[PDB]
>>> print(open('model_34.txt').read())   # compact mmCIF, N, CA and C atoms
# COMPACT_ATOMS: atom_id res chain seq x y z
N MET A 1 -61.62 -8.37 -29.07
CA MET A 1 -60.96 -9.04 -30.18
C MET A 1 -61.72 -8.81 -31.48
N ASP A 2 -61.27 -7.84 -32.27
CA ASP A 2 -61.91 -7.52 -33.54
C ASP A 2 -60.91 -7.60 -34.68
N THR A 3 -61.39 -8.02 -35.85
CA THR A 3 -60.53 -8.13 -37.03
C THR A 3 -60.92 -7.11 -38.09
N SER A 4 -60.05 -6.94 -39.08
CA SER A 4 -60.30 -5.99 -40.16
C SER A 4 -61.55 -6.37 -40.94
N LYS A 5 -61.83 -7.66 -41.00
CA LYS A 5 -63.00 -8.16 -41.71
C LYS A 5 -64.29 -7.70 -41.04
N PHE A 6 -64.22 -7.45 -39.74
CA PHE A 6 -65.38 -7.00 -38.98
C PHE A 6 -65.49 -5.48 -39.00
N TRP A 7 -64.35 -4.82 -39.17
CA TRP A 7 -64.31 -3.36 -39.20
C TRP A 7 -64.41 -2.85 -40.64
N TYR A 8 -64.37 -3.77 -41.59
CA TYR A 8 -64.46 -3.41 -43.00
C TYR A 8 -65.74 -3.94 -43.62
N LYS A 9 -66.65 -3.02 -43.96
CA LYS A 9 -67.92 -3.39 -44.57
C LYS A 9 -68.30 -2.41 -45.67
N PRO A 10 -68.27 -2.90 -46.92
CA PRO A 10 -68.61 -2.08 -48.10
C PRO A 10 -70.10 -1.74 -48.15
N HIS A 11 -70.93 -2.69 -47.73
CA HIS A 11 -72.38 -2.49 -47.74
C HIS A 11 -72.82 -1.67 -46.52
N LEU A 12 -72.00 -1.69 -45.48
CA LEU A 12 -72.31 -0.95 -44.25
C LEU A 12 -72.63 0.50 -44.57
N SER A 13 -73.74 0.98 -44.02
CA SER A 13 -74.17 2.36 -44.24
C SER A 13 -73.52 3.30 -43.22
N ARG A 14 -73.49 4.59 -43.55
CA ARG A 14 -72.90 5.59 -42.67
C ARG A 14 -73.52 5.52 -41.28
N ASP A 15 -74.85 5.48 -41.23
CA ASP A 15 -75.56 5.41 -39.96
C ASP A 15 -75.12 4.20 -39.15
N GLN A 16 -74.95 3.07 -39.82
CA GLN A 16 -74.53 1.84 -39.16
C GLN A 16 -73.14 2.00 -38.56
N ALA A 17 -72.25 2.64 -39.31
CA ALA A 17 -70.88 2.86 -38.85
C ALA A 17 -70.85 3.75 -37.61
N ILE A 18 -71.69 4.78 -37.61
CA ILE A 18 -71.76 5.71 -36.49
C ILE A 18 -72.27 5.01 -35.23
N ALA A 19 -73.29 4.17 -35.40
CA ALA A 19 -73.87 3.44 -34.28
C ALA A 19 -72.88 2.42 -33.72
N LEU A 20 -72.10 1.81 -34.60
CA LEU A 20 -71.11 0.82 -34.19
C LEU A 20 -69.93 1.48 -33.49
N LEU A 21 -69.63 2.71 -33.89
CA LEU A 21 -68.52 3.45 -33.30
C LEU A 21 -68.90 3.98 -31.92
N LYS A 22 -70.14 4.46 -31.79
CA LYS A 22 -70.63 4.99 -30.53
C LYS A 22 -70.91 3.87 -29.53
N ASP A 23 -70.84 2.63 -30.01
CA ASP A 23 -71.08 1.47 -29.17
C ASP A 23 -69.79 0.70 -28.92
N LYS A 24 -68.69 1.20 -29.47
CA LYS A 24 -67.39 0.56 -29.30
C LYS A 24 -66.42 1.48 -28.56
N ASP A 25 -65.32 0.91 -28.09
CA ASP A 25 -64.31 1.67 -27.36
C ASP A 25 -63.81 2.84 -28.20
N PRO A 26 -63.29 3.88 -27.53
CA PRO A 26 -62.76 5.07 -28.19
C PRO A 26 -61.47 4.79 -28.95
N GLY A 27 -61.30 5.46 -30.09
CA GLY A 27 -60.10 5.27 -30.89
C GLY A 27 -60.31 4.28 -32.01
N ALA A 28 -61.37 3.48 -31.91
CA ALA A 28 -61.68 2.49 -32.93
C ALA A 28 -62.15 3.15 -34.22
N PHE A 29 -61.87 2.51 -35.35
CA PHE A 29 -62.27 3.04 -36.65
C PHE A 29 -62.79 1.93 -37.56
N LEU A 30 -63.38 2.32 -38.68
CA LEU A 30 -63.93 1.36 -39.63
C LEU A 30 -63.92 1.93 -41.05
N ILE A 31 -64.01 1.05 -42.04
CA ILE A 31 -64.01 1.46 -43.43
C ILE A 31 -65.25 0.94 -44.16
N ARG A 32 -65.82 1.77 -45.02
CA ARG A 32 -67.01 1.39 -45.77
C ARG A 32 -66.96 1.95 -47.19
N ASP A 33 -67.80 1.42 -48.07
CA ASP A 33 -67.85 1.87 -49.45
C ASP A 33 -68.33 3.32 -49.54
N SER A 34 -67.48 4.18 -50.08
CA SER A 34 -67.81 5.60 -50.22
C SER A 34 -68.73 5.83 -51.41
N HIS A 35 -70.02 5.96 -51.14
CA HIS A 35 -71.01 6.18 -52.19
C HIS A 35 -70.86 7.58 -52.78
N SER A 36 -70.07 8.42 -52.12
CA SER A 36 -69.85 9.78 -52.58
C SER A 36 -69.41 9.80 -54.04
N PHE A 37 -68.17 9.41 -54.28
CA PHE A 37 -67.62 9.38 -55.63
C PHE A 37 -66.75 8.14 -55.84
N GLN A 38 -66.55 7.77 -57.10
CA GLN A 38 -65.74 6.61 -57.44
C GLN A 38 -64.31 6.78 -56.94
N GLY A 39 -63.69 5.68 -56.53
CA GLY A 39 -62.33 5.73 -56.04
C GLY A 39 -62.22 6.42 -54.69
N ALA A 40 -63.26 6.28 -53.87
CA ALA A 40 -63.29 6.90 -52.55
C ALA A 40 -63.64 5.87 -51.48
N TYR A 41 -63.16 6.11 -50.26
CA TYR A 41 -63.42 5.21 -49.15
C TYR A 41 -63.89 5.98 -47.92
N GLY A 42 -64.97 5.51 -47.30
CA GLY A 42 -65.49 6.17 -46.12
C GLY A 42 -64.82 5.70 -44.84
N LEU A 43 -64.11 6.61 -44.18
CA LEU A 43 -63.42 6.28 -42.94
C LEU A 43 -64.14 6.88 -41.74
N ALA A 44 -64.42 6.03 -40.75
CA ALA A 44 -65.11 6.47 -39.54
C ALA A 44 -64.25 6.24 -38.30
N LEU A 45 -64.25 7.21 -37.39
CA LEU A 45 -63.47 7.11 -36.17
C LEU A 45 -64.29 7.56 -34.96
N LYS A 46 -64.12 6.85 -33.85
CA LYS A 46 -64.84 7.18 -32.62
C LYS A 46 -63.97 7.99 -31.67
N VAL A 47 -64.51 9.10 -31.18
CA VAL A 47 -63.78 9.96 -30.26
C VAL A 47 -64.14 9.65 -28.81
N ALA A 48 -63.31 10.11 -27.88
CA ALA A 48 -63.54 9.89 -26.46
C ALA A 48 -64.60 10.84 -25.93
N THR A 49 -64.64 12.05 -26.48
CA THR A 49 -65.61 13.06 -26.05
C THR A 49 -65.69 14.19 -27.06
N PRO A 50 -66.81 14.94 -27.02
CA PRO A 50 -67.04 16.07 -27.92
C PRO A 50 -66.12 17.25 -27.62
N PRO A 51 -66.09 18.22 -28.55
CA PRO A 51 -65.25 19.42 -28.41
C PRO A 51 -65.76 20.35 -27.31
N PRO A 52 -64.92 21.33 -26.94
CA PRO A 52 -65.27 22.31 -25.90
C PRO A 52 -66.36 23.27 -26.34
N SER A 53 -66.55 23.38 -27.66
CA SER A 53 -67.56 24.27 -28.21
C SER A 53 -68.89 23.54 -28.37
N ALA A 54 -68.84 22.34 -28.93
CA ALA A 54 -70.04 21.54 -29.14
C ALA A 54 -71.11 22.34 -29.87
N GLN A 55 -70.79 22.78 -31.08
CA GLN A 55 -71.73 23.56 -31.89
C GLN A 55 -72.14 22.79 -33.14
N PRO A 56 -72.98 21.76 -32.96
CA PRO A 56 -73.46 20.93 -34.06
C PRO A 56 -74.43 21.68 -34.97
N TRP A 57 -74.34 21.41 -36.27
CA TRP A 57 -75.21 22.06 -37.25
C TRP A 57 -76.19 21.06 -37.85
N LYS A 58 -77.47 21.21 -37.51
CA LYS A 58 -78.51 20.32 -38.02
C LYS A 58 -78.13 18.86 -37.79
N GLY A 59 -77.55 18.58 -36.63
CA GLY A 59 -77.16 17.22 -36.31
C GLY A 59 -77.18 16.94 -34.82
N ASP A 60 -77.62 15.75 -34.45
CA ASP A 60 -77.69 15.36 -33.04
C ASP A 60 -76.35 15.60 -32.34
N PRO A 61 -76.39 15.68 -31.00
CA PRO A 61 -75.19 15.90 -30.19
C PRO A 61 -74.25 14.70 -30.19
N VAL A 62 -74.79 13.54 -30.53
CA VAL A 62 -74.00 12.31 -30.58
C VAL A 62 -73.19 12.23 -31.87
N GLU A 63 -73.67 12.91 -32.90
CA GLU A 63 -72.99 12.91 -34.19
C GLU A 63 -71.54 13.35 -34.04
N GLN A 64 -71.29 14.23 -33.08
CA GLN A 64 -69.95 14.74 -32.83
C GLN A 64 -69.05 13.65 -32.25
N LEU A 65 -69.67 12.68 -31.59
CA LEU A 65 -68.93 11.58 -30.98
C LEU A 65 -68.27 10.71 -32.06
N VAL A 66 -68.84 10.74 -33.26
CA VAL A 66 -68.30 9.96 -34.37
C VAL A 66 -67.97 10.85 -35.56
N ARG A 67 -66.72 10.78 -36.01
CA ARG A 67 -66.27 11.59 -37.13
C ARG A 67 -66.05 10.72 -38.37
N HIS A 68 -66.82 10.98 -39.42
CA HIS A 68 -66.71 10.22 -40.66
C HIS A 68 -66.33 11.13 -41.82
N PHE A 69 -65.26 10.78 -42.51
CA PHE A 69 -64.79 11.57 -43.65
C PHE A 69 -64.52 10.68 -44.86
N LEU A 70 -64.68 11.25 -46.05
CA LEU A 70 -64.46 10.51 -47.28
C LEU A 70 -63.08 10.80 -47.86
N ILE A 71 -62.29 9.74 -48.04
CA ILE A 71 -60.95 9.88 -48.59
C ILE A 71 -60.92 9.56 -50.08
N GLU A 72 -60.23 10.40 -50.85
CA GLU A 72 -60.12 10.20 -52.29
C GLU A 72 -58.69 9.88 -52.69
N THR A 73 -58.54 8.95 -53.62
CA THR A 73 -57.22 8.54 -54.10
C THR A 73 -57.03 8.91 -55.56
N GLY A 74 -55.99 9.70 -55.84
CA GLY A 74 -55.72 10.10 -57.21
C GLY A 74 -54.27 9.86 -57.61
N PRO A 75 -53.87 10.41 -58.76
CA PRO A 75 -52.51 10.26 -59.27
C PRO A 75 -51.48 11.02 -58.44
N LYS A 76 -51.97 11.80 -57.49
CA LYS A 76 -51.10 12.58 -56.62
C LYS A 76 -51.10 12.02 -55.20
N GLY A 77 -51.83 10.92 -55.00
CA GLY A 77 -51.90 10.31 -53.69
C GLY A 77 -53.31 10.28 -53.14
N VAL A 78 -53.47 9.70 -51.95
CA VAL A 78 -54.78 9.62 -51.31
C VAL A 78 -54.84 10.50 -50.07
N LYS A 79 -55.87 11.34 -49.99
CA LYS A 79 -56.04 12.23 -48.86
C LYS A 79 -57.52 12.40 -48.52
N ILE A 80 -57.80 12.83 -47.30
CA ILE A 80 -59.18 13.03 -46.85
C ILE A 80 -59.76 14.32 -47.44
N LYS A 81 -60.83 14.18 -48.21
CA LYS A 81 -61.48 15.32 -48.83
C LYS A 81 -62.42 16.01 -47.85
N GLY A 82 -61.90 17.00 -47.12
CA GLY A 82 -62.71 17.71 -46.16
C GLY A 82 -61.98 18.90 -45.55
N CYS A 83 -60.68 18.75 -45.37
CA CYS A 83 -59.86 19.82 -44.79
C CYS A 83 -58.87 20.35 -45.81
N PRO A 84 -58.35 21.56 -45.56
CA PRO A 84 -57.39 22.21 -46.45
C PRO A 84 -56.02 21.53 -46.42
N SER A 85 -55.81 20.69 -45.41
CA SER A 85 -54.54 19.98 -45.27
C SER A 85 -54.19 19.24 -46.55
N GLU A 86 -54.89 18.13 -46.80
CA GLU A 86 -54.65 17.33 -48.00
C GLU A 86 -53.17 16.99 -48.13
N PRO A 87 -52.67 16.14 -47.22
CA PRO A 87 -51.27 15.71 -47.21
C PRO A 87 -50.94 14.79 -48.38
N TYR A 88 -51.95 14.07 -48.85
CA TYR A 88 -51.77 13.14 -49.97
C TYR A 88 -50.71 12.10 -49.64
N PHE A 89 -51.13 11.01 -49.01
CA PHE A 89 -50.22 9.94 -48.64
C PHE A 89 -50.21 8.83 -49.69
N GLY A 90 -49.51 7.75 -49.41
CA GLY A 90 -49.44 6.64 -50.34
C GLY A 90 -50.79 6.01 -50.60
N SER A 91 -51.26 5.21 -49.65
CA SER A 91 -52.55 4.54 -49.78
C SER A 91 -53.35 4.64 -48.49
N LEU A 92 -54.54 4.05 -48.49
CA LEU A 92 -55.41 4.08 -47.31
C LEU A 92 -54.66 3.59 -46.08
N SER A 93 -53.78 2.61 -46.27
CA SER A 93 -53.00 2.05 -45.17
C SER A 93 -51.97 3.06 -44.68
N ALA A 94 -51.43 3.84 -45.60
CA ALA A 94 -50.42 4.84 -45.26
C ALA A 94 -51.02 5.95 -44.40
N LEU A 95 -52.19 6.43 -44.80
CA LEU A 95 -52.87 7.50 -44.06
C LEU A 95 -53.44 6.97 -42.75
N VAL A 96 -53.85 5.71 -42.75
CA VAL A 96 -54.41 5.08 -41.56
C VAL A 96 -53.34 4.89 -40.49
N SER A 97 -52.15 4.46 -40.91
CA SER A 97 -51.05 4.23 -39.99
C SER A 97 -50.49 5.55 -39.47
N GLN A 98 -50.39 6.54 -40.36
CA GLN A 98 -49.88 7.85 -39.99
C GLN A 98 -50.88 8.61 -39.14
N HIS A 99 -52.17 8.34 -39.36
CA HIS A 99 -53.23 9.00 -38.61
C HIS A 99 -53.13 8.66 -37.12
N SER A 100 -52.38 7.61 -36.81
CA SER A 100 -52.22 7.18 -35.43
C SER A 100 -51.06 7.91 -34.76
N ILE A 101 -50.41 8.79 -35.52
CA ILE A 101 -49.29 9.56 -35.01
C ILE A 101 -49.49 11.06 -35.24
N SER A 102 -49.98 11.40 -36.43
CA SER A 102 -50.23 12.79 -36.78
C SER A 102 -51.63 12.98 -37.35
N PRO A 103 -52.64 12.94 -36.46
CA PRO A 103 -54.04 13.10 -36.85
C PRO A 103 -54.36 14.52 -37.30
N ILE A 104 -55.03 14.64 -38.44
CA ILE A 104 -55.39 15.94 -38.99
C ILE A 104 -56.91 16.13 -39.00
N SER A 105 -57.58 15.42 -39.90
CA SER A 105 -59.03 15.51 -40.02
C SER A 105 -59.71 15.05 -38.73
N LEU A 106 -59.18 13.99 -38.14
CA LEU A 106 -59.73 13.45 -36.90
C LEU A 106 -59.25 14.25 -35.69
N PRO A 107 -60.04 14.22 -34.61
CA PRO A 107 -59.71 14.94 -33.37
C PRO A 107 -58.52 14.33 -32.64
N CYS A 108 -58.46 13.00 -32.64
CA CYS A 108 -57.37 12.29 -31.97
C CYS A 108 -56.80 11.20 -32.88
N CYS A 109 -55.56 10.80 -32.60
CA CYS A 109 -54.90 9.76 -33.39
C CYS A 109 -55.78 8.52 -33.50
N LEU A 110 -55.76 7.89 -34.67
CA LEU A 110 -56.55 6.69 -34.91
C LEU A 110 -55.88 5.46 -34.29
N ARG A 111 -56.68 4.62 -33.64
CA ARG A 111 -56.17 3.41 -33.01
C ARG A 111 -56.33 2.21 -33.93
N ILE A 112 -55.23 1.49 -34.15
CA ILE A 112 -55.25 0.31 -35.01
C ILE A 112 -54.92 -0.95 -34.22
N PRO A 113 -55.88 -1.39 -33.39
CA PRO A 113 -55.72 -2.59 -32.56
C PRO A 113 -55.72 -3.87 -33.40
N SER A 114 -54.83 -4.79 -33.06
CA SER A 114 -54.72 -6.06 -33.78
C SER A 114 -54.57 -5.82 -35.27
N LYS A 115 -53.39 -5.34 -35.67
CA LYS A 115 -53.11 -5.07 -37.08
C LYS A 115 -51.62 -4.82 -37.30
>>> encode(input="model_34.txt", output="structure tokens")
Amino acid sequence: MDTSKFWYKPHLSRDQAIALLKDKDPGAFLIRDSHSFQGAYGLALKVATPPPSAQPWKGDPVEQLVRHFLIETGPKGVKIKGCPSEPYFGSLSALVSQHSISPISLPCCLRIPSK
């Protein structure tokens, strides 16, 4: 039984989010203050298992278990700044809800339990 207030932490650091994701059930996600750039939100998602290649670059093998990407919101919509996709959806809620059906940046659809 978890609420958005527990999965939403602006002060929460990236490392903290990764540790909380690797310690929680698969499919769970969280949001934190994106220190990257203004008007950005850090989205973290926990995967069930690593890829078939498992080729981490200067990062522990567990880092792959947790995927964290920074989403930017502009006058053209909000999208995850990391892949060429850039679908540009309505808001964080729009991409979060759609991510549970058509996952792009993430390996698997995002789970939104109790919401």
>>> residues_around(input="model_34.txt", residues="residue 44 (chain A)", least_positions_apart="5", cutoff="6.5 Å", atoms="all atoms listed in the file", output="compact mmCIF listing (two decimals) with N, CA and C atoms, keeping the file's coordinate frame")
# COMPACT_ATOMS: atom_id res chain seq x y z
N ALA A 28 -61.37 3.48 -31.91
CA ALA A 28 -61.68 2.49 -32.93
C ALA A 28 -62.15 3.15 -34.22
N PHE A 29 -61.87 2.51 -35.35
CA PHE A 29 -62.27 3.04 -36.65
C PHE A 29 -62.79 1.93 -37.56
N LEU A 30 -63.38 2.32 -38.68
CA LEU A 30 -63.93 1.36 -39.63
C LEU A 30 -63.92 1.93 -41.05
N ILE A 31 -64.01 1.05 -42.04
CA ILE A 31 -64.01 1.46 -43.43
C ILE A 31 -65.25 0.94 -44.16
N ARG A 32 -65.82 1.77 -45.02
CA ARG A 32 -67.01 1.39 -45.77
C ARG A 32 -66.96 1.95 -47.19
N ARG A 67 -66.72 10.78 -36.01
CA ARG A 67 -66.27 11.59 -37.13
C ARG A 67 -66.05 10.72 -38.37
N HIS A 68 -66.82 10.98 -39.42
CA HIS A 68 -66.71 10.22 -40.66
C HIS A 68 -66.33 11.13 -41.82
N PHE A 69 -65.26 10.78 -42.51
CA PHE A 69 -64.79 11.57 -43.65
C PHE A 69 -64.52 10.68 -44.86
>>> atom_distance(input="model_34.txt", atom1="atom C of residue 73 (chain A)", atom2="atom C of residue 38 (chain A)")
7.7 Å
>>> atom_distance(input="model_34.txt", atom1="CA of residue 52 (chain A)", atom2="CA of residue 88 (chain A)")
29.1 Å
>>> atom_distance(input="model_34.txt", atom1="atom N of residue 86 (chain A)", atom2="CA of residue 11 (chain A)")
27.1 Å
>>> closest_residue(input="model_34.txt", among="A:105, A:98, A:43, A:37", to="residue 82 (chain A)", atoms="only N, CA and C atoms")
A:105
>>> closest_residue(input="model_34.txt", among="A:53, A:59, A:40, A:115", to="residue 92 (chain A)", atoms="only C-alpha atoms")
A:40
>>> closest_residue(input="model_34.txt", among="A:89, A:8, A:95, A:107", to="residue 65 (chain A)", atoms="only C-alpha atoms")
A:107
>>> select_by_dssp(input="model_34.txt", residues="chain A", states="strand (DSSP E or B)", output="ChimeraX atom specification")
/A:8,29-33,40-46,66-74,77-81,83,89
>>> closest_residue(input="model_34.txt", among="A:103, A:42, A:56, A:90", to="residue 15 (chain A)", atoms="only C-alpha atoms")
A:42
>>> closest_residue(input="model_34.txt", among="A:14, A:5, A:22, A:46", to="residue 108 (chain A)", atoms="all atoms listed in the file")
A:46
>>> closest_residue(input="model_34.txt", among="A:66, A:101, A:7, A:61", to="residue 19 (chain A)", atoms="only C-alpha atoms")
A:66
>>> select_by_dssp(input="model_34.txt", residues="chain A", states="alpha helix (DSSP H)", output="ChimeraX atom specification")
/A:4-7,14-21,92-98
>>> residues_near_point(input="model_34.txt", point="(-57.9, 2.3, -36.2)", cutoff="8 Å", atoms="only C-alpha atoms", output="number ranges by chain")
A: 27-30, 45, 96, 100, 110-113
>>> residues_around(input="model_34.txt", residues="residue 81 (chain A)", least_positions_apart="2", cutoff="8 Å", atoms="only N, CA and C atoms", output="list in words")
residues 69, 70, 71, 72, 73, 78, 79, 83, 84 and 86 of chain A
>>> decode(input="model_34.txt", residues="region 77-99 of chain A", atoms="N, CA and C atoms", output="CSV table (one decimal), in the first residue's frame")
chain,number,residue,atom,x,y,z
A,77,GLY,N,4.9,20.3,-25.7
A,77,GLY,CA,4.5,19.2,-24.9
A,77,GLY,C,5.7,18.7,-24.0
A,78,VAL,N,5.4,17.6,-23.3
A,78,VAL,CA,6.4,17.1,-22.4
A,78,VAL,C,6.8,15.7,-22.9
A,79,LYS,N,8.1,15.5,-23.0
A,79,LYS,CA,8.7,14.2,-23.4
A,79,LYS,C,10.0,13.9,-22.7
A,80,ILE,N,10.3,12.6,-22.7
A,80,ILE,CA,11.6,12.2,-22.1
A,80,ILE,C,12.8,12.5,-22.9
A,81,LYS,N,13.7,13.3,-22.3
A,81,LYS,CA,14.9,13.7,-23.0
A,81,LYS,C,16.0,12.7,-22.9
A,82,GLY,N,16.0,11.8,-23.9
A,82,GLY,CA,17.0,10.7,-23.9
A,82,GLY,C,17.0,9.9,-25.2
A,83,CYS,N,15.8,9.7,-25.7
A,83,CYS,CA,15.6,8.9,-26.9
A,83,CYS,C,15.1,9.8,-28.1
A,84,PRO,N,15.3,9.3,-29.3
A,84,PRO,CA,14.9,10.0,-30.5
A,84,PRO,C,13.4,10.1,-30.7
A,85,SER,N,12.7,9.2,-29.9
A,85,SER,CA,11.3,9.2,-30.0
A,85,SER,C,10.7,10.6,-29.8
A,86,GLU,N,10.7,11.0,-28.6
A,86,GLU,CA,10.1,12.3,-28.2
A,86,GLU,C,8.7,12.5,-28.8
A,87,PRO,N,7.8,11.7,-28.2
A,87,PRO,CA,6.4,11.8,-28.6
A,87,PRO,C,5.7,13.1,-28.2
A,88,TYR,N,6.2,13.7,-27.1
A,88,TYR,CA,5.6,15.0,-26.7
A,88,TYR,C,4.2,14.8,-26.3
A,89,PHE,N,3.9,14.4,-25.1
A,89,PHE,CA,2.5,14.2,-24.6
A,89,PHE,C,2.0,15.5,-23.9
A,90,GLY,N,0.8,15.4,-23.3
A,90,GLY,CA,0.2,16.5,-22.6
A,90,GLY,C,1.1,16.9,-21.4
A,91,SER,N,0.9,16.1,-20.4
A,91,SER,CA,1.7,16.4,-19.1
A,91,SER,C,2.3,15.2,-18.6
A,92,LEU,N,3.0,15.3,-17.4
A,92,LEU,CA,3.7,14.2,-16.8
A,92,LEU,C,2.7,13.0,-16.6
A,93,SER,N,1.4,13.4,-16.3
A,93,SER,CA,0.4,12.4,-16.0
A,93,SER,C,0.0,11.7,-17.3
A,94,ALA,N,0.0,12.4,-18.4
A,94,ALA,CA,-0.3,11.9,-19.7
A,94,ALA,C,0.7,10.9,-20.2
A,95,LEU,N,2.0,11.2,-20.0
A,95,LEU,CA,3.1,10.3,-20.4
A,95,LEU,C,3.2,9.1,-19.4
A,96,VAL,N,2.9,9.4,-18.2
A,96,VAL,CA,2.9,8.3,-17.1
A,96,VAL,C,1.8,7.3,-17.4
A,97,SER,N,0.6,7.7,-17.7
A,97,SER,CA,-0.5,6.8,-18.0
A,97,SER,C,-0.3,6.1,-19.3
A,98,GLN,N,0.2,6.8,-20.3
A,98,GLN,CA,0.4,6.1,-21.6
A,98,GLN,C,1.6,5.2,-21.5
A,99,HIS,N,2.6,5.5,-20.7
A,99,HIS,CA,3.8,4.7,-20.5
A,99,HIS,C,3.4,3.3,-20.0
